[PDB]
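K.L.:
Quick one: structure below, then a few questions.
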Amino acid sequence: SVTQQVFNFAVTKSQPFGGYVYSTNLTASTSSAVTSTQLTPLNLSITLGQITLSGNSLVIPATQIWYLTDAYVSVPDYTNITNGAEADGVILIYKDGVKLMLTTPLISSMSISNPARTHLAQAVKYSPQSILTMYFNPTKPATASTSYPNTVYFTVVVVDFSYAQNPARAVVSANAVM
Amino acid sequence: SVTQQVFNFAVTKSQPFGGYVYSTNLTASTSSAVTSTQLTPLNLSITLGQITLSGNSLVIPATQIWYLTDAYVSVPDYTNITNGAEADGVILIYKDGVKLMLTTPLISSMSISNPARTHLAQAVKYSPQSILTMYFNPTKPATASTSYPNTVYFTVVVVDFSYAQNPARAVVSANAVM
Amino acid sequence: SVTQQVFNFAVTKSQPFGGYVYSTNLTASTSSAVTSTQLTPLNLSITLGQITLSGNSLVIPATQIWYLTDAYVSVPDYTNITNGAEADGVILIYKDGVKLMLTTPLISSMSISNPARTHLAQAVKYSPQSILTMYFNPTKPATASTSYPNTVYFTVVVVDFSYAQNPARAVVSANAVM
Amino acid sequence: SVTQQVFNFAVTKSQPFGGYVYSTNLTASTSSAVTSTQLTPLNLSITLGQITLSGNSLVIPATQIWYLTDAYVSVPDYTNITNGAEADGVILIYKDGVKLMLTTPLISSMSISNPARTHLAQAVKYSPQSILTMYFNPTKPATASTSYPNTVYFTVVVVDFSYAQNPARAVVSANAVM
Amino acid sequence: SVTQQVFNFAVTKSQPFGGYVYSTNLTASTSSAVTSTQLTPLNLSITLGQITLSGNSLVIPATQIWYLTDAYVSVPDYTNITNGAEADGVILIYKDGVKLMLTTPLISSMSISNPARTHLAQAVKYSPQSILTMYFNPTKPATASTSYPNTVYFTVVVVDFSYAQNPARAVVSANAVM
Amino acid sequence: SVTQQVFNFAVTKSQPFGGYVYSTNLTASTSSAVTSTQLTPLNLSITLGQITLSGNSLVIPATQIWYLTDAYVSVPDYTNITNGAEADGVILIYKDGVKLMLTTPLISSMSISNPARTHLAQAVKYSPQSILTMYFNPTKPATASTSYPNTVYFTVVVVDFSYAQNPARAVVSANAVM
Amino acid sequence: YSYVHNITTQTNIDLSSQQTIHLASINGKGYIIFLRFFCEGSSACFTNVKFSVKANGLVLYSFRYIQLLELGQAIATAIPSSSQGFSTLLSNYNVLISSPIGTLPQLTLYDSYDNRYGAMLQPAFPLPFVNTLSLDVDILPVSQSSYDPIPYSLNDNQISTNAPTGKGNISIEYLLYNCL
């Protein structure tokens, strides 16, 4: 329960300033059958009001605070990796294009069917509007015929401030303490 | 795994008012083989008196406080998701039609044959009258022929107050403390 | 570990008043190939002195407190459920014919051949003498020929006060302390 | 961890009187392919020194206290049960041959490979001289040819007092305390 | 699961007297395909000195304090247990050729491929020179032709004291507190 | 959840002095098909600026504190070990050349395709500069033709101080409190 | 204050005799700013579905699509006298679009080919609502042949015996400006 400690942290800090907490699922998918070198995955989140932030280098909205808490890989992807139909490798997590903050331990290892699956290292806070980008550095690339693209899911706990009283000073006073 | 903590939270807090806690089964099912875009599953709840609330957008009755806690997917669906006979994806949980409250983590990982079955992060409260709506956001859609619709069951803990001395004047005072 | 919590709770609460706490396997068998509509299952409990309390609508003996704690389904039933030889559905659990206390989530998913079997919400208590009736509400009924009856095993913790020095009032007196 | 709390309680309470707490394995074996009705399984306990107290109705010797803590069944035993190669049913656990205390919940269900394995209900304490005996009541018996005997494993905690001093005074003081 | 707590316990306690704490791998292996009765496994421990302590009845060197923590059984062994190509059973653990302190839970059930891989109860201490010896008590012995010997790997925490001021004086003060 | 406990411990003590805590991957590889005896694997870690510290016996940079917390073995390595195409064995972890810190338990048994793989014993810390070197002491060497070199992945928590006020002697102040 | 923009749906409705469906409900004070009503499915969207918008239980709007066409809140037409009236209009033309609205609703979209129907509503000043705002859909099957579009009361439940039927799905988009 590393998501359940972040979820308990946001609903106690952002509640006196007026604040809405929920969780969503971010999908980073490296396109078109990586076989040679470092590629870049296309992040695609579904936030509250039917909106779809697609494309590389997702920019956070100006009233939301994100928390990248966990990551996993679906079981039909883990079947394809160990059969050599799609690539293995690590995934680098950047903030503002400058800080390298984490490196996921070998995405073939974090399949959701194994109870002894290694998780993400720590829950990463992402401030209001600021670049979230990811890179995919493959090792043992895809070899078999009829290869498939990669897909690695992430769990984002999203704090939202769009229903406060005065949201201009509600965000910037809650972002400092939390 | 969160149902047993929110159940004893209901039996302790509702009993000074008269509190009749029980559990019922909710069924969400997108019709007709989702393959491209965001679909709408048909809710279906079964309360006490053979009352089958159907269609989208269920309304909580005026004497009850619901709790949407857990979910699971049967094995004859999970053998189809890995075979590409029905779409994977997540389920968004809305409250009052605009506020998104949760996201179910990747319904193929909620199968009943996964030894690490993933549950929900926290159970969501639903007060008297408040519209519950859900949507299905498909990642890795169905590609095989003779596809099948999706079915993901849920679990609702209902806190009834109709058998106290007053059905209306008491539930609105335990809604403030729970 | 949900059975062992309510067993250990009973043997420290009913111990200063004298209480013979033990476990018992309950059987609920809907008879003769349920195929269209709501049925009624034949209960069967085997207490200490080899007497088998049978028939629909068990009346609980006047010096005992029952705790219905778990539910599971054997493996040869689960082969017959998924092959359409016997009907799926849920089970409703009453008390004095009016008070609905649980709904078992889809008895095919409570099977023991799966490593992530779903559980009940809470261990349901039952006072001295009070009627216990159940019902079977079939969804997706038995389809293939040469059908079979349904059978869902339960597990009941029986606190017993009959061998102390005190009547059927001291049983209900130590019932409401719990 | 239900063996560990019993183990730490026995280590703490029997230490000032002088006491030797260790853990062993007990084998209940219903011989010769049970097919019809209620049988009697051969107990075999392995104490220190390859003693192998075998045969029905083991008497606890006058210096030891035994704690029947947990019960399970092996994985080829589970495979032979679900193929109908050996019989299913319950196991009744008696004290002094008259007092029933526990009934194992359907020994097919307690296979050691499932994480959703149902445990024993409570750790049964056996005092000095006292007679442990068990019975096997079969439901849906063995059907296939080349049937096999049944074997169910128990985990016993033995608290010995023979090496301390005059062991009778230590046994009566410790059995008064723990 | 217990190997991380006694390691941290050994570091904090052997520090005021000065000492290594590290880990090694101990191999117990019953020779030549046990089919009848009580057999003796051949221990083989290798410490940092590249010195192999083989044969039965290993002697702890005069400057070390060992701790036997966990055990596991590899997959080509567990493939052969479930086919009957080698024996199941437990392993008894003695000290000083006299005391018996543990009995490991059913060496098939601690295979590395069981998702509920069971661990040991508590770590076994070993002072300066003492005789660690094991005995393998087979239940369900090997029945198939071309059988294989057993192999159960252990994990030992070794607390060396060789770098203190006087190592023979340091251990007899640290054996009291640890 | 062992790497997330030392990660949270690192960010608590690096917060008053400044510190850039992040997780990387160390890859130890024995070159060219070990077949007889103890070999030496060439480490390869990746710090921030695409800096590949290669060669045997990596030297820790002068203002960083490392933490070796995890190890795993990929699936094409585990299917090559059990096919006898590369050697099994253990891996020794040395600090300054002098101290032995750990021993990994039998690298084939910490593969990732097994749902209950074994773990290490502790996270070994590493101060400003020390010579981290490893050794692969094989058992059951490579027997089949067309053998492959080994590859065993690790996971390092790196605590950089280079973006604090003075990364020369503030790193030696936080080294003592950790 | 805050904007509230939403789309409510019912995705499979029997257009049979005498049903009442409750689409959405909004609590709190606010101002109605923009509304859209849409139906899809069979041609029985056009005649059998009555939309209703209430505020604090008091009815603001209640209409149908054939009421909006036949009472002149649609595209501006002019039919020759040698005809049969509106029966010659719906039998000859497939798609009818009309943009400008004002406070009263207008039949903006008639699509008999693709079978989509729709109306819009933009108040010329923000229409307040105090306690609740509720949206209802009443399925009352009435044939196209008579219907008597001139209204005589608010709660006129008029039906016929040979009205068309089918299945369809009904959506309502709204944009409000609520209080906090």
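Chain labels run A, B, ... following the order of the structure tokens; each chain numbers its residues from 1, and ligands are numbered from 1 in the order shown.
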Could you list, as a list in words, every residue of chain E that has an atom within 6 Å of an atom of chain F, counting only C-alpha atoms?

P.N.:
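Every residue of chain E that passes the 6 Å test is in residues 4, 22, 23, 24, 112, 113 and 115 of chain E.
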
K.L.:
Residue 152 in chain C: which residues within 10 Å, counting only C-alpha atoms, same-chain residues fewer than 5 positions away excluded, as a ChimeraX atom specification?

P.N.:
/C:26-30,41,43,71-74,77,91,107-108,110-111

K.L.:
Tell me, as a ChimeraX atom specification, which residues lie within 12 Å of residue 60 in chain B, counting only C-alpha atoms; anything in the same chain fewer than 2 positions away does not count.

P.N.:
/B:45,47,53,57-58,62-68,95-96,125-133,156,158-160

K.L.:
Determine which residues of chain G DSSP labels as strand (DSSP E or B) from the backbone of this structure, then write them out as an NGL selection string.

P.N.:
:G and (2-14 or 19-27 or 30-41 or 49-55 or 58-63 or 95-97 or 106-111 or 116-121 or 127-129 or 132-139 or 167-178)

K.L.:
Between CA of residue 21 in chain D and CA of residue 165 in chain D, what is the spacing in Å?

P.N.:
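CA of residue 21 in chain D lies 15.8 Å from CA of residue 165 in chain D.
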
K.L.:
Write down as a ChimeraX atom specification the residues belonging to range 12-134 of chain A that are assigned alpha helix (DSSP H) by DSSP computed on the backbone.

P.N.:
/A:12-13,75-82

K.L.:
Kindly indicate which residue among G:43, G:169, G:67, G:6 lies nearest to chain B, using only C-alpha atoms for the distances.

P.N.:
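The closest residue to chain B is G:6.
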
K.L.:
Just want the 7 Å neighbourhood of residue 7 in chain A, counted on only C-alpha atoms, with same-chain residues fewer than 4 positions away dropped. Output as a PyMOL selection string.

P.N.:
chain A and resi 3+11+157

K.L.:
Suppose you want the space between CA of residue 18 in chain C and CA of residue 98 in chain D; what is it in Å?

P.N.:
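For CA of residue 18 in chain C relative to CA of residue 98 in chain D, the distance reads 18.4 Å.
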
K.L.:
Using only C-alpha atoms, determine which residues of chain G fall within 12 Å of chain A; present them as an MDAnalysis selection string.

P.N.:
chainID G and resid 1:7 178:180

K.L.:
Quick one: pull the distance between CA of residue 36 in chain C and CA of residue 12 in chain G, Å, one decimal.

P.N.:
25.3 Å

K.L.:
Counting only C-alpha atoms, what is within 10 Å of residue 135 in chain G, bar same-chain residues fewer than 3 positions away, as a ChimeraX atom specification?

P.N.:
/G:8,21-26,51-55,61,172

K.L.:
Could you write out that same residue set with C-alpha atoms as an mmCIF file, in the first residue's frame?

P.N.:
```
data_model
loop_
_atom_site.group_PDB
_atom_site.id
_atom_site.type_symbol
_atom_site.label_atom_id
_atom_site.label_comp_id
_atom_site.auth_asym_id
_atom_site.auth_seq_id
_atom_site.Cartn_x
_atom_site.Cartn_y
_atom_site.Cartn_z
ATOM 1 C CA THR G 8 -26.292 12.869 -19.559
ATOM 2 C CA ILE G 21 -37.370 8.383 -17.353
ATOM 3 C CA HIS G 22 -35.393 10.694 -15.047
ATOM 4 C CA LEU G 23 -32.159 11.681 -16.758
ATOM 5 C CA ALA G 24 -30.232 14.071 -14.522
ATOM 6 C CA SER G 25 -30.557 16.123 -11.358
ATOM 7 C CA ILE G 26 -28.417 19.036 -10.165
ATOM 8 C CA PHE G 51 -38.633 16.498 -22.914
ATOM 9 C CA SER G 52 -39.177 18.385 -19.670
ATOM 10 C CA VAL G 53 -36.992 20.740 -17.628
ATOM 11 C CA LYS G 54 -38.080 21.649 -14.093
ATOM 12 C CA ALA G 55 -36.609 23.961 -11.464
ATOM 13 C CA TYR G 61 -39.979 23.736 -20.350
ATOM 14 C CA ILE G 172 -28.974 15.965 -22.968
#
```

K.L.:
List the spatial neighbours of residue 33 in chain A as a VMD selection string - criterion: any atom at most 12 Å away, only C-alpha atoms, same-chain residues fewer than 2 positions off excluded.

P.N.:
chain A and resid 29 to 31 35 to 41 80 to 81 84 to 88 138 141 to 151
